[PDB]
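This report refers to the structure that appears directly beneath it.
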Amino acid sequence: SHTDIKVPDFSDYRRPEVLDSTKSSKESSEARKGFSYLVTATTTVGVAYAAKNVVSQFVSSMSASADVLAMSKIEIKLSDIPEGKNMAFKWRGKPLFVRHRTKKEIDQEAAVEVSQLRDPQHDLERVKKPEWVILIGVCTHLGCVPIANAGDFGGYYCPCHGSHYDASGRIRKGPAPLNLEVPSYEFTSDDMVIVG
Amino acid sequence: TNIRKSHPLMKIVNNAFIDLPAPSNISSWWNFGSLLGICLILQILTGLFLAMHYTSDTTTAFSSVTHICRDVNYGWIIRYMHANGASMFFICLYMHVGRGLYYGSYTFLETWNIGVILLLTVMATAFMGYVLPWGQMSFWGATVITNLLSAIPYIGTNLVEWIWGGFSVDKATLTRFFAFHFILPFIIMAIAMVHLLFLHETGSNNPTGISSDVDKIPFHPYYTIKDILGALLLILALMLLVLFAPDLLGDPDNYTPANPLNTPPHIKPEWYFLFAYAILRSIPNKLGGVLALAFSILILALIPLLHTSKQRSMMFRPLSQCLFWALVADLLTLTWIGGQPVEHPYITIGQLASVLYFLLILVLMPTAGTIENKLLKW
Amino acid sequence: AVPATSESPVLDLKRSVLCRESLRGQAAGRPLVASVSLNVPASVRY
Amino acid sequence: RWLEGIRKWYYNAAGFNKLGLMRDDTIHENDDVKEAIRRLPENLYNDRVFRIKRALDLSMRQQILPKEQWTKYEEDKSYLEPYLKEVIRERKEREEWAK
Amino acid sequence: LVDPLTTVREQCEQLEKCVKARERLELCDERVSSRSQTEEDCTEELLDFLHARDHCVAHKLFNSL
Amino acid sequence: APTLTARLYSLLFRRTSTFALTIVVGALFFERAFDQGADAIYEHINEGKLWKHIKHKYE
Amino acid sequence: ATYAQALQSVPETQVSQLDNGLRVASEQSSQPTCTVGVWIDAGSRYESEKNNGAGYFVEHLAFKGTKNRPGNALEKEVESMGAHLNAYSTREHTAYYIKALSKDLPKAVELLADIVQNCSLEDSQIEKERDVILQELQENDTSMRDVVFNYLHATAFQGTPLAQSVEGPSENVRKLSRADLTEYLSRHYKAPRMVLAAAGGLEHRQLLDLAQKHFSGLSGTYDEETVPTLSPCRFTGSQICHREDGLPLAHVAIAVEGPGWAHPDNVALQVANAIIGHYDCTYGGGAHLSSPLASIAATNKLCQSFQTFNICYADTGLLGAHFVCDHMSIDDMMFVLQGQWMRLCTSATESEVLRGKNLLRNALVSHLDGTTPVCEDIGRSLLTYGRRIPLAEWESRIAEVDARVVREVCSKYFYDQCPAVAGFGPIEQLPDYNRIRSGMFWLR
Amino acid sequence: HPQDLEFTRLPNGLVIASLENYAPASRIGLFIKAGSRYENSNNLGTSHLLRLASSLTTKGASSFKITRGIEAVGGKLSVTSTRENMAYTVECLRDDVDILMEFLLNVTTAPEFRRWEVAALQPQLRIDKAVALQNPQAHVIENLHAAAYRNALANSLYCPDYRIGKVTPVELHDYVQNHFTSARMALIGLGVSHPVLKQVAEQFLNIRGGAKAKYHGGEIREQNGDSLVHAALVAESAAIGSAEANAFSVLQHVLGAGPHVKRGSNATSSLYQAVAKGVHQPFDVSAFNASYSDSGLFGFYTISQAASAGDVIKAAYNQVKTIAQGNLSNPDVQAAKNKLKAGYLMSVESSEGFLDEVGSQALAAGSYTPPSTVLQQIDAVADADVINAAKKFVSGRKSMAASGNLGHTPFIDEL
Amino acid sequence: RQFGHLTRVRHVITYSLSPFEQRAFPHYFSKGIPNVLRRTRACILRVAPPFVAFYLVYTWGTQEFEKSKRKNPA
Amino acid sequence: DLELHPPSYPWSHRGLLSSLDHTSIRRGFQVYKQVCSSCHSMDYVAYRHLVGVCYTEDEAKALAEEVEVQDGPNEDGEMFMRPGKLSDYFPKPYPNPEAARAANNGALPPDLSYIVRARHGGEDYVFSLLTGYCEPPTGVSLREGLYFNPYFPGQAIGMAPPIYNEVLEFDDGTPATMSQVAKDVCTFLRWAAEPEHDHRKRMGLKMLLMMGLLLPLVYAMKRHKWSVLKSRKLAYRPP
Ligand SMILES: Cc1c(-c2ccc(Cc3ccc(OC(F)(F)F)cc3)cc2)n(O)c2ccccc2c1=O
């Protein structure tokens with residue numbers, strides 16, 4: 001008969017908790033699952049730690065390399081530029097105009113008409129310190145290098161098409177759409193400035 | 001009823017990777033297929049990320065690779081993963097092939113032949129990869145190996161200058177080697193899918209060489225969990241090299257830029273070609289040497305035809321077992337000899353090893369099969 | 001709502017009889033009845 | 001006759017007996033063997049099925065049987081010979097007739 | 001100023017493996033410099049000596065640094 | 001009281017939603033613990049050799 | 001005249017006890033016919049390995065004569081008064097009962113008493129009934145249903161008395177002497193282990209007095225060593241796979257550990273099992289069936305038949321399902337069945353639980369129809385619960401079950417728990433245990 | 001409030017009977033003279049399809065609603081066929097009777113039998129027949145009738161193979177419209193008030209109205225190679241409702257009509273002992289008694305070993321001959337009466353079987369005969385009546401049917 | 001080819017336990033160590049001899065290359 | 001053409017998880033600066049590379065400012081010379097290789113950026129070369145200017161011994177012996193060829209620990225799932 005089949009002894013293989021044939025396995029069920037799922041959960045935390053680092057590195061690869069960060073910023077010495085004169089610099093393959101402004105140039109660009117401008121910006125929001133104006137020396141229309149201390153509005157003038165910038169770098173009379181660009185910067189020691 | 005068996009895309013994945021009936025008894029030597037796939041993906045990713053920073057112009061090439069290692073964020077760990085990943089690839093390949101030989105998996109003819117194609121494509125990829133850094137061994141390795149094709153009569157000399165795109169390995173050669181090197185892994189991926197497509201016509205062989213239809217288990221969870229463990233161990237081997245000895249399996253001469261005047265002392269390809277490089281140098285005649293180097297790989301295509309034994313696996317076959325392990329030890333000797341200068345006693349050892357390689361495959365292991373048969377009254 | 005005396009399959013190999021003790025009760029004594037249902041398995045009676 | 005010493009050695013060296021297999025279980029399945037298997041009677045087929053199942057399960061564990069249970073060289077009946085011999089003999093007839 | 005290197009090179013020079021190799025060096029010194037017109041030199045014997053010497057030097061030079 | 005593993009199962013591992021939130025939380029706590037703990041092991045092994053240890057001499 | 005009301009005026013069950021400890025229980029109504037019998041806490045669970053199948057062997061000998069009525073005299077007397085004599089043995093309960101005319105109840109009770117106490121157990125009759133059992137054991141091998149259930153127990157409660165079949169192994173059948181049978185009887189057939197149950201036209205007072213007259217001699221003490229006390233039984237998450245391709249349909253039986261007789265949860269589990277329900281190929285419903293398992297099974301011809309079960313033993317049980325299907329359908333059957341268990345655990349609805357309630361209400365109200373099932377309900381309820389539970393109380397337990405209960409109760413027993421699997425026949429497809437065990441939880 | 005049965009026959013022919021017993025459950029049965037006998041040779045197996053066809057779409061309720069709606073309230077719908085009647089039955093808790101009643105009326109008074117639904121149902125004829133014919137008793141009894149009759153009662157309950165896939169919607173409509181009529185219907189109930197049943201029957205079961213069974217005597221022989229041979233041999237008995245019928249029922253229990261004890265040796269069964277005297281290998285024998293409006297069949301059914309079929313059948317037939325010659329004492333006829341008396345009361349013990357007897361009587365006779373009157377009619381059978389029944393069988397024209405390896409099974413004219 | 005259409009098998013019973021009922025490493029050292037040694041002994045003199053030979057042909061050839069590069073006393 | 005390969009010196013960074021001695025790098029840089037940088041280029045190391053390794057940001061700015069470098073063009077279209085910054089690389093001695101050959105009698109001094117990686121033996125090799133200059137053995141002499149070194153291939157090199165006792169004073173006041181000067185410059189050249197060294201090894205430790213955790217866990221998960229099959233018993237029970 002099929003009644004002759006009796007299941008082999010599995011005692012060699014069993015967990016200690018389920019060895020006792022006279023006791024209910026239900027006591028140990030909460031526990032036995034706990035142990036095995038802990039192993040699984042711990043594993044997943046370890047794999048997460050790894051994959052986070054692997055992915056994160058690969059992502060980092062695509063961000064700016066050490067040599068591109070090296071040309072990100074440029075230091076400029078403020079005692080090396082006299083009051084009134086412009087000084088050009090080489091920044092991210094562009095000219096960069098820093099200008100020491102006189103108490104005349106400050107007051108004269110302070111009380112200018114706000115509305116009349118093609119790109120309306122007041123002077124106290126174009127600069128961080130009133131006596132220093134920092135600008136990119138690329139003409140905004142079709143890309144030239146504006147010449148300092150010239151033009152109608154006495155600031156920057158371009159011999160390409162016919163643009164006239166004031167002492168604050170704002171377009172007054174010409175074909176340029178948006179003023180000369182104000183970069184990101186901060187003064188560190190009152191003698192030095194970092195642009196970038 | 002489920003959307004694993006119903007959905008046109010999930011159906012393919014459910015049948016190849018989950019409900020696939022696999023033999024209960026397959027050993028660790030069956031992990032290498034899984035691992036070769038991982039190697040391939042690994043190379044593609046690391047490779048693609050390197051290609052974002054590399055340039056194939058002869059002047060800037062060496063510099064770009066170093067720029068990766070020194071300035072690109074974690075560019076070093078990417079670069080050395082890719083170079084040691086190529087070693088891990090070839091380790092995985094030869095283990096994978098050895099399994100096939102020992103257990104007679106090559107009786108799956110289509111699977112086997114596509115294998116040979118895959119092998120040859122991975123070789124072509126890795127040959128052209130090693131050129132890209134444009135160091136000494138890169139340049140001089142490429143020069144000697146390419147120039148072997150000039151030994152073909154009538155056309156050989158044209159053929160060499162056509163690959164080169166000029167009169168030596170220079171500007172046009174490096175740029176095209178970058179192009180071919182990029183595209184080939186993708187071609188491999190496709191051929192690898194055809195490889196499996198034929199494998200799943202028959203299902204897997206096992207260590208006994210006896211049909212396993214009476215004892216198949218589903219691939220998931222049994223072999224999905226094994227493959228995870230295998231992948232884990234593969235990452236250990238790779239990262240052990242990358243983080244503790246990244247220069248171990250390479251050559252120093254590839255850290256000085258390529259010089260068309262200054263020849264390196266003992267020019268040689270990377271370790272995984274050395275066995276076949278030794279076979280080339282055994283034969284004194286150059287065209288003979290090329291035909292031997294060619295036949296040292298293509299002989300893989302011949303193996304199925306050479307099978308004599310009435311049993312499939314070498315499991316139950318002592319004579320074959322010994323001759324197999326002799327063939328392995330011989331290949332290890334050819335790799336050693338391939339790395340050496342052309343002198344005594346490395347010439348004679350190399351000749352003797354090369355004779356033994358072809359002798360084992362073409363004569364001794366076939367005879368051994370037939371001896372074994374007649375010992376079993378077969 | 002109650003499942004029947006015997007769950008019915010088609011093409012399922014028939015159950016053997018080996019003795020008097022299992023074979024008595026089988027001999028038909030009254031004419032056939034047939035039920036079909038919504039809930040209960042279909043039966044055929046003596 | 002005299003090589004029976006070596007045949008007995010080789011048998012044990014080969015070692016399929018350690019999995020409780022007979023020689024004809026280890027035969028590589030070509031088209032003839034498939035047909036020969038297909039012609040086996042219920043008893044011989046199911047025995048084959050089990051012996052292999054047992055061997056595969058042992059192979060899976062990387063273990064062998066107890067030495068008492070190993071297939072004895074002398075008790076290895078050649079169960080597949082009569083069927084396979086005829087399958088081959090038949091095919092050779094069709095191949096002849098095809099010329 | 002005394003170099004720790006030249007101290008240790010002396011210390012190692014008076015070992016059995018060194019002194020045996022140093023005598024091999026001195027043999028061919030006054031064999032080739034005594035004989036006339038033979039193109040043989042003594043590079044080999046020097047390198048035998050240095051191999052044994054500088055192996056020992058390595059094992060304890062770095063202590064003084 | 002039932003065993004430790006049992007408390008872990010009923011509170012964290014039974015619902016797959018709690019099991020996953022457990023992993024995400026634990027991975028954060030593990031990451032900072034492992035990183036800080038392993039770095040300590042490294043920097044002790046290389047005491048005084050790193051820029052981090054000799055920084056103070058030039059500041 | 002409402003349903004709630006109807007339950008209040010169902011005839012109550014009378015309950016009295018004898019000196020020796022025999023319980024007498026009775027349900028009365030003016031009926032021309034009756035059913036009366038003896039239910040005993042005795043079966044395969046109380047048997048050891050050496051005497052397994054003794055209670056079954058006895059069952060064969062019970063109606064073969066007594067000391068007072070030798071040979072076929074017992075048989076003749078039952079037949080000539082139009083009475084119908086019957087017996088059954090489960091793993092925990094042996095039972096002998098008689099269906100008779102109401103006026104013949106005194107003689108009916110007398111005959112039952114004569115069968116239990118004064119059973120001949122003749123030498124020649126033993127050797128004759130020996131071969132009979134061996135042939136029944138052979139018939140049983142041909143019933144795939146019987147085989148798969150015997151297997152379920154054998155693997156589920158492996159290495160305990162609950163693994164044992166009622167009929168016993170053929171080895172025991174061939175060897176069990178008359179010494180073994182008489183020892184088995186005097187140990188297990190005792191007044192406090194026994195209940196005399198009766199239903200039909202019967203004054204309870206009369207039955208109790210008839211019990212005195214004939215069942216007074218029943219032994220109700222046990223000696224210094226030993227008193228039958230069942231140990232609990234260890235459930236094991238396990239599989240038994242009898243692969244036999246020669247048979248044309250596959251039988252699969254799968255279950256988790258159930259709570260056993262005592263537990264109130266049994267009511268909510270009945271409601272859940274009613275939701276999933278049962279099916280076969282002759283059912284009128286088809287696609288439009290209420291049970292999603294049944295409608296899916298019908299429309300895709302997955303199985304030929306299935307039922308949910310919930311089998312109760314003392315401190316344990318088997319809660320699950322059995323199905324019979326084509327050799328290519330086993331995987332899909334398992335998938336949908338386990339899918340149903342998961343849906344009830346996690347997301348059972350009010351309206352479907354209400355359906356389950358309504359099925360169960362109907363189930364046990366119409367099952368207790370006629371004197372025989374009511375007599376049996378009395379007999380066994382007294383052994384299992386210690387009392388007859390009125391229909392009004394069952395109804396109170398049923399009304400208490402809502403969607404929240406069905407979820408919480410099912411989750412306790414089914415969700416993330418190891419089942420016992422038994423398969424028989426062309427079971428090549430029958431899912432791997434790991435795939436089955438992984439199918440006992442959802443990732444959400 | 002102690003209750004006994006109420007009864008009504010409406011002027012349109014329809015019978016209503018109902019015992020309000022205040023149980024929690026309520027069974028309601030609509031009994032119709034629409035059994036297999038009312039098929040002709042052109043629409044054979046129509047009643048079989050009709051039996052499978054409740055829960056197809058009706059006018060007032062969809063196919064979906066019949067199934068879901070009944071299951072919603074835990075209920076059951078059954079359809080039961082004899083040769084002479086069809087019986088549509090509904091059960092539920094008493095609060096849902098008017099829901100189930102609505103469904104019952106829809107099924108029986110207004111089925112649509114849609115072409116696509118009826119066509120879809122055709123394979124179910126094969127499944128249902130296949131299952132049923134796994135019982136070898138079904139082979140033999142269906143053949144026995146086919147052998148014994150020329151037309152009406154000869155019809156099988158199950159659709160002949162050739163007609164499966166071919167029972168048309170028109171035929172189903174025709175069958176219902178011609179046979180499900182007030183003049184042919186009896187509406188029975190437990191646990192429901194008689195007044196509300198009456199009013200349902202007047203308002204929803206008032207619809208307008210719409211050959212004798214010739215005994216033949218033949219034999220049908222299924223050769224199939226089983227090691228056991230099922231066989232039945234009958235002669236024409238009497239019609240249900242005649243007093244002679246009661247004599248046959250008593251003769252049945254004198255001879256032996258199935259087992260009384262589990263695993264028992266049947267010491268009072270005259271046939272079983274007669275056969276067991278000569279041949280000891282595995283067997284079963286019982287008296288067979290069918291009884292209909294036109295006719296009846298009485299005889300015996302053997303199950304015997306293939307080689308022993310000759311011996312067993314002749315042994316059984318000889319036992320009837322000694323009863324017909326006059327060998328029959330009061331103690332035997334008293335025992336037989338006690339069996340039949342007890343058997344009848346036991347068959348109406350459950351409220352399922354009670355409903356079947358109330359409805360059964362309501363069709364074949366005018367009204368309800370109580371249990372006490374039936375037992376008195378059993379006692380009215382004299383020893384003389386039993387001997388006449390036996391005598392009738394012995395000299396009556398015979399019908400036979402067999403299935404098995406029939407190599408040693410005799411023919412009628414070999415007996 | 002799907003499970004259910006692989007092959008024909010008759011009268012073979014398979015008993016097995018749930019992975020939660022059993023231990024992951026039963027007798028891991030107790031039975032593991034001897035089975036390793038059995039497996040190592042079984043293949044050693046098939047596997048090893050060629051690699052001994054490699055070691056010898058290698059160490060011979062290496063120091064033969066060294067000797068050959070030295071001057072000969074003549 | 002016999003060959004003497006270098007011995008294995010016990011470096012401060014020899015071990016698996018041992019970092020570079022960064023103070024030793026700081027000294028070693030000065031040995032490149034004072035001694036090598038007039039002969040050897042080191043094109044891949046810039047003044048910014050020194051920051052957070054051997055020098056501060058401010059110290060490295062000072063080192064950069066000290067050196068000449070060409071820049072341009074200005075608006076006039078001319079190439080001027082300016083003081084260096086962090087973004088400038090270490091400047092080459094000569095304008096080209098052909099110029100370098102002329103200054104060293106034909107021999108070209110190799111770039112030192114990768115010298116440790118580009119020569120077998122690495123820092124063991126270079127240290128042996130720098131300290132191994134000695135008097136030639138009898139029977140031997142090369143062309144006037146090719147010196148004798150036993151570690152150089154072919155036994156003769158065209159580099160004058162470049163280091164000796166007190167060839168420079170170190171910033172931190174370490175006694176500048178020939179041995180000490182070689183040890184330091186090698187440690188710098190190790191870092192020059194492999195800046196990743198210290199990070200690489202940090203990663204190694206964290207990988208070894210993670211693998212120590214994950215491998216036996218994944219192995220346990222494997223045995224768990226497989227335990228269904230490892231336990232199983234088969235029985236053949238024909239009719
Ligand atoms: C398909 C199969 C895999 C298998 C191989 C790889 C992967 C993962 C993977 C890795 C890379 C990958 O890339 C690409 F390009 F698509 F190929 C694709 C998949 C999973 C399973 N293993 O392991 C097996 C092991 C034993 C026997 C049969 C198989 C067997 O039949």
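Residues in the structure tokens are named by chain (A, B, ... in the order shown) and by number from 1 within that chain; ligands are numbered from 1 in the order shown.
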
**Item:** Who sits within 8 Å of stretch 86-94 of chain B, only C-alpha atoms, same chain under 6 positions skipped, as a PyMOL selection string
**Value:** chain B and resi 32+35-36+39-40+43+119+126+234+237-238+249+272

**Request:** Could you tell me, counting only C-alpha atoms and all ligand atoms, which protein and nucleic acid residues lie no more than 8 Å from ligand 1, written as an NGL selection string?
**Result:** :B and (16-17 or 20 or 22-23 or 26 or 30-41 or 188-190 or 192-193 or 196 or 199-200 or 203-204 or 219 or 223-224 or 227)

**Request:** List the neighbours of stretch 60-74 of chain H out to 9 Å using only C-alpha atoms; skip same-chain residues closer than 3 positions along the sequence, and give me the result as a ChimeraX atom specification.
**Result:** /C:1,38-39 /G:284-285,287-290,351-352,354-363 /H:54-57,77,91-93,96,99-100,102-103,106-107,110-111

Write out, as CSV, each residue of chain I that has an atom at most 10 Å from chain A, together with the closest pair of atoms and their distance in Å to one decimal, counting only C-alpha atoms, rows going by chain and rising number.
residue,atom,partner,partner_atom,distance
I:13,CA,A:5,CA,9.5
I:14,CA,A:7,CA,9.8
I:15,CA,A:7,CA,7.1
I:16,CA,A:10,CA,8.8
I:17,CA,A:10,CA,8.0
I:18,CA,A:14,CA,9.5
I:19,CA,A:14,CA,9.2
I:20,CA,A:32,CA,6.3
I:21,CA,A:14,CA,5.8
I:22,CA,A:14,CA,4.1
I:23,CA,A:15,CA,5.1
I:24,CA,A:13,CA,8.6
I:25,CA,A:13,CA,8.6
I:26,CA,A:13,CA,5.9
I:27,CA,A:12,CA,8.2

**Request:** May I have the residues of chain A within 12 Å of chain F, counting only C-alpha atoms, written as JSON, numbers by chain?
**Result:** {"A": [17, 26, 27, 28, 29, 30, 31, 32, 33, 34, 35, 36, 37, 38, 39, 40, 41, 42, 43, 44, 45, 46, 47, 48, 49, 50, 51, 52, 53]}

For the residues selected in the previous step, produce a file with N, CA, C and O atoms as a tab-separated table (two decimals), in the first residue's frame.
chain	number	residue	atom	x	y	z
A	17	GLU	N	15.55	24.55	16.82
A	17	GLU	CA	14.21	24.98	17.25
A	17	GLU	C	13.08	24.03	16.85
A	17	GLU	O	12.08	23.93	17.56
A	26	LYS	N	5.23	26.62	15.74
A	26	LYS	CA	4.67	27.99	15.73
A	26	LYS	C	5.35	28.98	16.69
A	26	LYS	O	5.37	30.19	16.43
A	27	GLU	N	5.92	28.45	17.78
A	27	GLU	CA	6.68	29.25	18.77
A	27	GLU	C	7.85	29.90	18.02
A	27	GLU	O	8.03	31.13	18.03
A	28	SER	N	8.62	29.04	17.34
A	28	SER	CA	9.87	29.38	16.68
A	28	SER	C	9.75	30.04	15.30
A	28	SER	O	10.75	30.51	14.75
A	29	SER	N	8.53	30.06	14.75
A	29	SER	CA	8.29	30.59	13.39
A	29	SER	C	8.62	32.08	13.27
A	29	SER	O	9.33	32.48	12.33
A	30	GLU	N	8.16	32.88	14.22
A	30	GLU	CA	8.51	34.31	14.28
A	30	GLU	C	10.04	34.51	14.24
A	30	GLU	O	10.54	35.39	13.53
A	31	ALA	N	10.76	33.66	14.99
A	31	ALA	CA	12.22	33.74	15.17
A	31	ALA	C	13.00	33.29	13.94
A	31	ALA	O	13.91	33.99	13.48
A	32	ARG	N	12.64	32.13	13.40
A	32	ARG	CA	13.40	31.50	12.31
A	32	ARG	C	13.39	32.36	11.04
A	32	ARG	O	14.40	32.44	10.33
A	33	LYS	N	12.24	32.99	10.79
A	33	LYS	CA	12.06	33.93	9.68
A	33	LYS	C	12.90	35.17	9.93
A	33	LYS	O	13.62	35.62	9.03
A	34	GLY	N	12.82	35.70	11.15
A	34	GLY	CA	13.62	36.84	11.58
A	34	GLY	C	15.10	36.71	11.27
A	34	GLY	O	15.69	37.61	10.67
A	35	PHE	N	15.68	35.57	11.66
A	35	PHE	CA	17.11	35.32	11.44
A	35	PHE	C	17.45	35.38	9.96
A	35	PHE	O	18.38	36.09	9.58
A	36	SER	N	16.69	34.65	9.13
A	36	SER	CA	16.99	34.53	7.71
A	36	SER	C	16.77	35.84	6.94
A	36	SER	O	17.58	36.20	6.09
A	37	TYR	N	15.70	36.57	7.28
A	37	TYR	CA	15.43	37.87	6.66
A	37	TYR	C	16.37	38.98	7.11
A	37	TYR	O	16.55	39.96	6.38
A	38	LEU	N	16.95	38.82	8.30
A	38	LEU	CA	18.00	39.74	8.79
A	38	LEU	C	19.23	39.67	7.89
A	38	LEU	O	19.81	40.71	7.52
A	39	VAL	N	19.60	38.44	7.52
A	39	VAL	CA	20.73	38.19	6.65
A	39	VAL	C	20.48	38.90	5.33
A	39	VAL	O	21.36	39.59	4.82
A	40	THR	N	19.27	38.74	4.80
A	40	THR	CA	18.86	39.38	3.55
A	40	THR	C	18.88	40.90	3.67
A	40	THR	O	19.39	41.58	2.79
A	41	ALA	N	18.34	41.41	4.77
A	41	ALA	CA	18.24	42.84	4.96
A	41	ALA	C	19.63	43.47	5.09
A	41	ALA	O	19.89	44.50	4.47
A	42	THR	N	20.50	42.83	5.88
A	42	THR	CA	21.89	43.27	6.08
A	42	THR	C	22.64	43.33	4.75
A	42	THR	O	23.32	44.31	4.47
A	43	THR	N	22.50	42.26	3.96
A	43	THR	CA	23.07	42.16	2.62
A	43	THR	C	22.68	43.35	1.75
A	43	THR	O	23.55	43.98	1.16
A	44	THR	N	21.39	43.68	1.73
A	44	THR	CA	20.86	44.78	0.91
A	44	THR	C	21.44	46.13	1.34
A	44	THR	O	21.76	46.95	0.48
A	45	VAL	N	21.59	46.34	2.65
A	45	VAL	CA	22.24	47.54	3.19
A	45	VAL	C	23.71	47.65	2.73
A	45	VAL	O	24.17	48.73	2.35
A	46	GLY	N	24.43	46.53	2.74
A	46	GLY	CA	25.80	46.46	2.24
A	46	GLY	C	25.91	46.77	0.76
A	46	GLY	O	26.78	47.55	0.37
A	47	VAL	N	25.02	46.18	-0.04
A	47	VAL	CA	24.97	46.40	-1.50
A	47	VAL	C	24.60	47.84	-1.80
A	47	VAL	O	25.14	48.43	-2.74
A	48	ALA	N	23.71	48.41	-1.00
A	48	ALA	CA	23.33	49.81	-1.15
A	48	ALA	C	24.54	50.69	-0.93
A	48	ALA	O	24.80	51.59	-1.72
A	49	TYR	N	25.29	50.40	0.13
A	49	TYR	CA	26.47	51.19	0.46
A	49	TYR	C	27.44	51.20	-0.71
A	49	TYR	O	27.98	52.25	-1.07
A	50	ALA	N	27.62	50.03	-1.31
A	50	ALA	CA	28.51	49.87	-2.43
A	50	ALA	C	27.99	50.67	-3.61
A	50	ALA	O	28.66	51.60	-4.05
A	51	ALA	N	26.79	50.32	-4.09
A	51	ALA	CA	26.21	50.90	-5.31
A	51	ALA	C	26.12	52.41	-5.28
A	51	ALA	O	26.30	53.05	-6.31
A	52	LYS	N	25.85	52.95	-4.09
A	52	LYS	CA	25.86	54.39	-3.85
A	52	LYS	C	27.21	54.98	-4.21
A	52	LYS	O	27.30	55.95	-4.95
A	53	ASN	N	28.27	54.38	-3.67
A	53	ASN	CA	29.62	54.82	-3.96
A	53	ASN	C	30.03	54.64	-5.42
A	53	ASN	O	30.62	55.56	-5.98

Would you tabulate, counting only C-alpha atoms, all residues of chain G that have an atom at most 8 Å from an atom of chain F, showing the closest pair of atoms and their distance in Å to one decimal, sorted by chain then ascending number, as CSV?
residue,atom,partner,partner_atom,distance
G:416,CA,F:14,CA,7.6
G:442,CA,F:16,CA,7.4
G:443,CA,F:16,CA,5.5
G:444,CA,F:16,CA,5.6

Output file for the selection above: N, CA and C atoms, as a short mmCIF file (atom, residue, chain, number, x, y, z; two decimals), in the first residue's frame:
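Written out: result-v5.cif:
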data_model
loop_
_atom_site.label_atom_id
_atom_site.label_comp_id
_atom_site.auth_asym_id
_atom_site.auth_seq_id
_atom_site.Cartn_x
_atom_site.Cartn_y
_atom_site.Cartn_z
N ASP G 416 3.32 34.81 4.63
CA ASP G 416 4.73 34.50 4.94
C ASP G 416 4.93 33.29 5.84
N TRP G 442 3.74 38.98 -0.78
CA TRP G 442 3.74 39.99 -1.81
C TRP G 442 4.79 41.05 -1.52
N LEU G 443 5.43 41.59 -2.56
CA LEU G 443 6.36 42.72 -2.36
C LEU G 443 5.65 44.08 -2.58
N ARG G 444 4.82 44.45 -1.60
CA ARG G 444 4.04 45.72 -1.57
C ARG G 444 3.38 45.98 -0.22
#

**Request:** Compute the chain J side of the contact with chain A at 8 Å, counting only C-alpha atoms, and hand it back as JSON, numbers by chain.
**Result:** {"J": [86, 87, 210, 213, 214, 217, 218, 220, 221, 231, 233]}
